[PDB]
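Enquirer: Pasting a structure here, questions to come.
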Amino acid sequence: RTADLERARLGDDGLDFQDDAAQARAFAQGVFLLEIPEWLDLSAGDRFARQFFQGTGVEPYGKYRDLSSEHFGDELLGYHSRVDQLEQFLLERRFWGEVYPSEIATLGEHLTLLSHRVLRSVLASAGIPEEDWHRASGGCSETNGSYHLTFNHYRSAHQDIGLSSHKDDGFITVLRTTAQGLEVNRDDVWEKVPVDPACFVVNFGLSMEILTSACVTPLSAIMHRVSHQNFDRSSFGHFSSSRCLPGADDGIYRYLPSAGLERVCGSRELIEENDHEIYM
Ligand SMILES: C[C@@H](CCO)[C@@H]1NC(=O)[C@H](C[C@@](C)(O)CO)NC1=O
Ligand SMILES: O=C(O)CCC(=O)C(=O)O
Ligand SMILES: [Cl-]
Ligand SMILES: [Fe+2]
């Protein structure tokens with residue numbers, strides 16, 4: 001009932017699995033483990049995930065509870081109480097420097113560059129021509145995408161599932177979890193994702209699935225969920241999406257082999273539709 005996931009590392013040539021078969025399975029499963037660089041400090045992010053929901057009486061991060069979507073002119077952002085056990089703080093990179101604590105913005109920058117390197121290995125392995133990467137990824141093949149650094153707290157007193165089954169919206173999710181509860185549906189069976197605090201969980205979102213749907217090896221956005229938590233749980237994730245600013249939306253594309261990119265929908269449109277289905 002626990003998934004047997006491939007483990008990878010970022011090395012001198014990019015994303016290194018144990019062998020080519022291991023990489024192929026990992027990309028086919030749509031989820032794998034990525035070793036956390038030894039120099040990367042996650043302790044401030046872990047603390048933010050434990051505090052952000054607690055209010056201005058709890059230092060240094062409880063005050064972010066007070067920052068609702070209105071403060072950002074973007075309904076996606078700020079503090080959100082979900083219908084599941086989950087409550088969240090979500091912030092897109094254009095606000096990190098102004099709004100996040102400086103050490104949290106730094107964490108977001110590290111993860112953006114790490115995710116950038118991961119995505120480029122995946123795009124190369126898909127055989128998409130390099131000059132199409134920027135438009136295909138809505139800027140994420142460089143550092144031009146939309147990036148959400150999102151903190152999660154599961155309220156165990158709520159008699160809900162932790163987080164309903166869903167696919168992420170974008171291309172790459174880098175997930176930091178230190179406690180059980182994350183499950184994946186591979187081959188129509190729910191399985192627990194092993195907990196390894198020395199690794200990130202990496203998966204693909206809907207944009208990756210759309211982008212590669214006409215390729216010889218389509219990559220899937222893995223269905224996942226968080227089971228009902230009897231004790232509190234927290235985590236955070238870095239989400240890479242096609243640039244989805246209000247007014248500057250880069251679009252979602254499917255790659256047609258030998259032809260080029262065909263536009264499928266808007267990036268914000270996909271995020272809004274997906275969030276709608278996840279919860280209602
Ligand atoms: C783009 C942004 C979501 C903005 O609403 C990004 N993309 C995702 O797919 C998930 C969505 C849900 C599970 O987390 C939120 O409940 N989280 C993110 O931060
Ligand atoms: O908390 C987790 O482990 C998963 C969070 C998640 O899947 C999400 O926010 O999209
Ligand atoms: Cl609450
Ligand atoms: Fe998710």
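We name chains A, B, ... following the order of the structure tokens; residues begin at 1 in each chain, and ligands are numbered from 1 as shown.
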Return as CSV the residues of chain A lying at most 10 Å from ligand 3, together with the closest atom-to-atom pair for each and the distance in Å to one decimal, counting only C-alpha atoms and all ligand atoms, with rows in chain order and ascending residue number.
Expert:
```
residue,atom,partner,partner_atom_place_in_ligand_line,distance
A:53,CA,ligand 3,1 (Cl),7.2
A:54,CA,ligand 3,1 (Cl),8.3
A:65,CA,ligand 3,1 (Cl),9.5
A:80,CA,ligand 3,1 (Cl),9.7
A:81,CA,ligand 3,1 (Cl),6.9
A:82,CA,ligand 3,1 (Cl),9.6
A:85,CA,ligand 3,1 (Cl),9.2
A:86,CA,ligand 3,1 (Cl),9.3
A:87,CA,ligand 3,1 (Cl),7.4
A:153,CA,ligand 3,1 (Cl),9.7
A:154,CA,ligand 3,1 (Cl),9.7
A:155,CA,ligand 3,1 (Cl),7.2
A:157,CA,ligand 3,1 (Cl),9.6
A:158,CA,ligand 3,1 (Cl),9.2
```
Enquirer: Those selected residues, please, written with N, CA, C and O atoms and delivered as a short mmCIF file (atom, residue, chain, number, x, y, z; two decimals), in the first residue's frame.
Expert:
```cif
data_model
loop_
_atom_site.label_atom_id
_atom_site.label_comp_id
_atom_site.auth_asym_id
_atom_site.auth_seq_id
_atom_site.Cartn_x
_atom_site.Cartn_y
_atom_site.Cartn_z
N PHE A 53 -0.97 30.06 9.83
CA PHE A 53 -2.41 30.11 10.06
C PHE A 53 -2.77 30.63 11.45
O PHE A 53 -3.96 30.80 11.75
N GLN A 54 -1.78 30.92 12.30
CA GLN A 54 -2.01 31.10 13.73
C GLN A 54 -2.29 32.55 14.15
O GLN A 54 -2.70 32.76 15.30
N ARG A 65 -1.69 34.93 8.34
CA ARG A 65 -3.12 34.61 8.43
C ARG A 65 -4.00 35.80 8.04
O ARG A 65 -5.09 35.60 7.49
N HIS A 80 -6.15 31.07 2.51
CA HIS A 80 -7.40 30.43 2.10
C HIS A 80 -7.71 29.25 3.01
O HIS A 80 -6.89 28.35 3.18
N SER A 81 -8.90 29.27 3.59
CA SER A 81 -9.47 28.13 4.30
C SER A 81 -10.25 27.31 3.29
O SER A 81 -11.17 27.83 2.66
N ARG A 82 -9.87 26.05 3.10
CA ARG A 82 -10.54 25.19 2.13
C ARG A 82 -11.66 24.39 2.80
O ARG A 82 -11.77 24.32 4.03
N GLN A 85 -9.74 19.56 5.18
CA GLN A 85 -9.00 19.93 6.39
C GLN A 85 -8.01 21.05 6.11
O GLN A 85 -7.70 21.84 7.00
N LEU A 86 -7.51 21.11 4.88
CA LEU A 86 -6.46 22.03 4.47
C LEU A 86 -6.83 23.50 4.65
O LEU A 86 -7.95 23.93 4.33
N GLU A 87 -5.88 24.28 5.13
CA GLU A 87 -5.88 25.72 4.96
C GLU A 87 -4.52 26.10 4.40
O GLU A 87 -3.53 25.39 4.64
N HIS A 153 -1.52 23.64 5.87
CA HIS A 153 -1.73 23.11 7.21
C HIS A 153 -3.04 22.34 7.24
O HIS A 153 -4.08 22.86 6.82
N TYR A 154 -2.98 21.11 7.72
CA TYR A 154 -4.17 20.27 7.80
C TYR A 154 -4.76 20.37 9.20
O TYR A 154 -4.10 20.00 10.18
N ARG A 155 -5.99 20.88 9.30
CA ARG A 155 -6.69 21.05 10.58
C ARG A 155 -7.35 19.73 10.96
O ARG A 155 -8.43 19.39 10.46
N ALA A 157 -8.97 18.70 13.44
CA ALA A 157 -10.29 18.72 14.05
C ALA A 157 -11.42 18.76 13.03
O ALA A 157 -12.57 18.49 13.39
N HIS A 158 -11.13 19.13 11.78
CA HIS A 158 -12.16 19.14 10.75
C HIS A 158 -12.39 17.72 10.24
O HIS A 158 -11.43 17.04 9.85
#
```
Enquirer: Please provide as a tab-separated table (two decimals) with N, CA, C and O atoms, in the first residue's frame all residues within 6 Å of region 162-172 of chain A, with the sequence filter that same-chain residues fewer than 4 positions apart are discarded (counting only C-alpha atoms).
Expert:
```tsv
chain	number	residue	atom	x	y	z
A	84	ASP	N	-11.85	21.17	2.65
A	84	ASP	CA	-11.20	20.02	3.27
A	84	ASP	C	-10.51	20.46	4.56
A	84	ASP	O	-10.65	21.60	5.00
A	85	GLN	N	-9.74	19.56	5.18
A	85	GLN	CA	-9.00	19.93	6.39
A	85	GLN	C	-8.01	21.05	6.11
A	85	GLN	O	-7.70	21.84	7.00
A	86	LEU	N	-7.51	21.11	4.88
A	86	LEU	CA	-6.46	22.03	4.47
A	86	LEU	C	-6.83	23.50	4.65
A	86	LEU	O	-7.95	23.93	4.33
A	203	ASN	N	6.16	15.92	-8.83
A	203	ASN	CA	5.19	15.36	-9.76
A	203	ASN	C	4.88	16.38	-10.84
A	203	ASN	O	5.31	17.53	-10.79
A	204	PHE	N	4.14	15.92	-11.83
A	204	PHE	CA	3.71	16.73	-12.96
A	204	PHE	C	2.27	17.15	-12.74
A	204	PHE	O	1.49	16.44	-12.10
A	205	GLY	N	1.90	18.30	-13.29
A	205	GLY	CA	0.54	18.78	-13.26
A	205	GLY	C	-0.11	18.71	-14.63
A	205	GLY	O	0.44	18.18	-15.59
A	206	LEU	N	-1.32	19.26	-14.69
A	206	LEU	CA	-2.14	19.15	-15.89
A	206	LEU	C	-1.44	19.73	-17.12
A	206	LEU	O	-1.63	19.23	-18.23
A	207	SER	N	-0.66	20.80	-16.95
A	207	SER	CA	0.00	21.43	-18.08
A	207	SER	C	0.99	20.48	-18.73
A	207	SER	O	1.10	20.43	-19.95
A	208	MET	N	1.73	19.74	-17.91
A	208	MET	CA	2.64	18.73	-18.44
A	208	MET	C	1.89	17.65	-19.20
A	208	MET	O	2.36	17.17	-20.24
A	221	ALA	N	-0.23	13.73	-15.32
A	221	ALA	CA	-0.36	14.43	-14.05
A	221	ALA	C	-0.93	13.46	-13.03
A	221	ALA	O	-2.09	13.05	-13.14
A	223	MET	N	-2.75	11.68	-10.10
A	223	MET	CA	-3.83	11.91	-9.16
A	223	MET	C	-3.31	11.68	-7.76
A	223	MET	O	-2.70	10.64	-7.49
A	224	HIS	N	-3.51	12.65	-6.87
A	224	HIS	CA	-3.05	12.47	-5.51
A	224	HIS	C	-4.00	13.18	-4.54
A	224	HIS	O	-4.87	13.96	-4.93
A	225	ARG	N	-3.82	12.87	-3.26
A	225	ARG	CA	-4.71	13.35	-2.23
A	225	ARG	C	-3.96	13.26	-0.90
A	225	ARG	O	-2.92	12.62	-0.82
A	226	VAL	N	-4.51	13.91	0.12
A	226	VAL	CA	-4.04	13.75	1.50
A	226	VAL	C	-5.17	13.15	2.32
A	226	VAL	O	-6.28	13.68	2.34
A	227	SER	N	-4.89	12.01	2.94
A	227	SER	CA	-5.91	11.32	3.72
A	227	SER	C	-6.29	12.15	4.94
A	227	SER	O	-5.54	13.02	5.40
A	228	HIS	N	-7.49	11.87	5.46
A	228	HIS	CA	-7.94	12.49	6.70
A	228	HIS	C	-6.86	12.39	7.77
A	228	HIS	O	-6.34	11.31	8.04
A	229	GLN	N	-6.48	13.53	8.33
A	229	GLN	CA	-5.45	13.58	9.36
A	229	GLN	C	-6.10	13.59	10.74
A	229	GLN	O	-6.99	14.40	11.01
A	240	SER	N	5.14	25.39	-10.51
A	240	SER	CA	5.56	26.08	-11.73
A	240	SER	C	4.44	26.00	-12.76
A	240	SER	O	4.00	24.90	-13.12
A	241	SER	N	4.00	27.15	-13.24
A	241	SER	CA	2.88	27.21	-14.16
A	241	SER	C	3.25	28.13	-15.31
A	241	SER	O	4.10	29.01	-15.17
A	271	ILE	N	-6.16	26.99	-14.10
A	271	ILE	CA	-6.03	27.00	-12.64
A	271	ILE	C	-7.41	27.15	-11.99
A	271	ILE	O	-7.76	26.40	-11.07
A	278	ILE	N	-11.59	20.50	-7.87
A	278	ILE	CA	-10.97	19.87	-6.70
A	278	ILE	C	-11.91	19.93	-5.50
A	278	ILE	O	-12.08	18.94	-4.77
```
Enquirer: Please report the interatomic distance between CA of residue 176 (chain A) and CA of residue 236 (chain A) in Å with one decimal.
Expert: 5.5 Å
Enquirer: Determine which residues of region 128-233 of chain A receive a DSSP assignment of strand (DSSP E or B), computed from the backbone, and state them as a count of residues only.
Expert: 39
Enquirer: Considering only C-alpha atoms, return as an MDAnalysis selection string whatever protein or nucleic-acid residues lie within 10 Å of residue 34 (chain A), sequence-local ones (same chain, fewer than 5 positions apart) excluded.
Expert: chainID A and resid 6:10 15:17 118 174:175 196 198:202
Enquirer: Taking only C-alpha atoms into account, which of A:231, A:79, A:253, A:72 comes nearest residue 52 (chain A)?
Expert: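 Closest candidate: A:79.
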Enquirer: Restricting the calculation to only C-alpha atoms, which member of A:213, A:125, A:112, A:185 is positioned closest to residue 148 (chain A)?
Expert: A:112
Enquirer: With distances taken over only C-alpha atoms and all ligand atoms, which of A:216, A:259, A:3, A:31 is nearest to ligand 4?
Expert: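 Looking at the shortest contact to ligand 4, the residue is A:31.
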Enquirer: Choose the residue, out of A:137, A:212, A:37, A:130, that has the smallest atom-to-atom separation from residue 256 (chain A); count only C-alpha atoms.
Expert: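 Under the stated criterion, the closest residue is A:212.
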Enquirer: Expressed in Å to a single decimal, how great is the separation between CA of residue 179 (chain A) and CA of residue 232 (chain A)?
Expert: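 Pair CA of residue 179 (chain A) / CA of residue 232 (chain A) returns 9.8 Å.
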Enquirer: Within 6 Å of ligand 2, counting only C-alpha atoms and all ligand atoms, which protein or nucleic acid residues do you find, written as a list in words?
Expert: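 Listing the residues within 6 Å of ligand 2 gives residues 152, 168, 177, 182 and 235 of chain A.
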Enquirer: Point out the residue among A:150, A:257, A:251, A:272 with the least atom-to-atom distance to ligand 4, counting only C-alpha atoms and all ligand atoms.
Expert: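 Using only C-alpha atoms and all ligand atoms, the shortest distance to ligand 4 belongs to A:150.
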Enquirer: So how many Å separate CA of residue 110 (chain A) and CA of residue 273 (chain A), to one decimal?
Expert: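 Spanning CA of residue 110 (chain A) to CA of residue 273 (chain A) is a straight-line distance of 29.1 Å.
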Enquirer: Just want the 10 Å neighbourhood of residue 104 (chain A), counted on only C-alpha atoms, with same-chain residues fewer than 2 positions away dropped. Output as an NGL selection string.
Expert: :A and (42-45 or 48 or 96-97 or 99-102 or 106-110 or 149)
Enquirer: Counting only C-alpha atoms, what is within 8 Å of residue 119 (chain A), bar same-chain residues fewer than 2 positions away, as a PyMOL selection string?
Expert: chain A and resi 115-117+121-123+140-141+171-172
Enquirer: As number ranges by chain, which residues of region 72-231 of chain A does DSSP assign to helix (DSSP H, G or I)?
Expert: A: 72, 93-99, 102-125, 130-136, 206-211
Enquirer: Could you pull the residues within 7 Å of residue 51 (chain A), counting only C-alpha atoms, minus those fewer than 4 positions along the same chain, as JSON, numbers by chain?
Expert: {"A": [47, 61, 62]}
